[PDB]
């Protein structure tokens, strides 16, 4: 089977591993990094082993580890797997997306944008604002509660059996999407087992296949909803319905509830969940994918700016505490030294402002820059007060220039 042969090819497996290591080497978890160093060493052989197993069809997905990601909703069920699992999983995604028509068709879908190669949030935001200015005068925006968890692996499998034409790739794909948690007993003891995809409901959050799986799951939804003069733009779970009449979108959301109902999914009702979903005249402006889409103006959603000001606020108080602490105290992290804090704050402004460069949030950005400018001025004066009466050593640990005598 040429499809299966691609999966066992060393070009694919090394391509996949390149993708996996790019993450592992940066992992906060030392074990993941070191497991990757152990895989990077013996690299020709460490992938040939997998290639060998895959070829003789005796590859074994190792038991995973289910952890709880700090989360509004229930702690995200993060399924962390060994490197060979992640490598074989990333391999499957690469071969599926270049060789399977249904996959490329699902990637092709014009109204789907999340987790699709060559597709970005900005493109959706553009299409949305294009629908207004073509007769979109009202909206509903909603998302699927616990989407992955409610995804059914039996429906996933049944949709994929036709377009696979390789019973071996079917077995591999089947084992790829199972979750066998090795810490299951500890997880039962905390009463946490039930949120993980240990049964047929759910896909592993943390597998590379799951976003494709999700997008395949809503293939039917995407088609049904783009009809009746109602335009639906979906990024992952989030869907924006755009229409001429409030009545029209209201009915469409009702059709959506039935459409997601067939496949086990609900959708936050805008009137019921104003903080999770939205409804109204597209003119008032609406929040979508972190932007506020007004037809005159487009900018990051207030919540995104709020988050950003809160992260900035935290850093600045962190610095102030440190400036007093470093004076009169020998030990400091030095992360919060004036030099380090400003350096972090500068790169935070870079990283965030870099993603919103498409947005024109200038009235808001100037306020965010006004917030930063004021915060910067305060700390500067705060430190000069302390520096005004300070010996060289104190200023050194305050400013963040290490002392050689203490190394």
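Residue numbers count along the first chain shown, from 1.
Undergrad: According to the entry, how many residues of the deposited sequence fall between residue 71 and residue 72 and are not modelled? Options: none, 1 to 3, 4 to 9, 10 or more.
TA: Per the record, 1 to 3 deposited residues are absent between residue 71 and residue 72.
Undergrad: When the C-alpha temperature factors are averaged for each of 324-332 and 172-180, which stretch ends up with the higher value in the entry?
TA: The stretch with the larger mean CA B-factor is 324-332.
Undergrad: Do the C-alpha atoms of 109-117 or of 296-304 have the higher average B factor in the entry?
TA: Here the higher of the two C-alpha B-factor means belongs to 296-304.
Undergrad: Among 238, 273, 94, 315, where is the Cα B factor highest in this entry?
TA: Max CA B-factor in the entry, restricted to 238, 273, 94, 315: 273.
Undergrad: Would you mind finding, among 84, 261, 135, 211, the residue with the largest C-alpha temperature factor in the entry?
TA: Of the options given, 135 has the highest CA B-factor in the PDB entry.
Undergrad: Would you mind checking where the Cα B-factor of residue 194 ranks among the modelled residues of its chain, as the lowest, middle or highest third?
TA: Highest third of the chain for residue 194's C-alpha B-factor.
Undergrad: Could you look up the Cα B-factor of residue 220 in the entry and say which third of the chain it sits in: lowest, middle or highest?
TA: CA B-factor rank for residue 220: lowest third.
Undergrad: Compared with the other modelled residues in the chain, in which third is the CA B-factor of residue 24?
TA: According to the entry, residue 24 has a C-alpha B-factor in the chain's lowest third.
Undergrad: Once the chain's modelled residues are ordered by C-alpha B factor and cut into thirds, is residue 159 in the lowest, middle or highest one?
TA: Middle third - that is where residue 159 ends up once the chain's C-alpha B-factors are sorted.
Undergrad: Lowest, middle or highest third of the chain for the C-alpha temperature factor of residue 375?
TA: It belongs to the highest third of the chain when residues are ordered by C-alpha B-factor.
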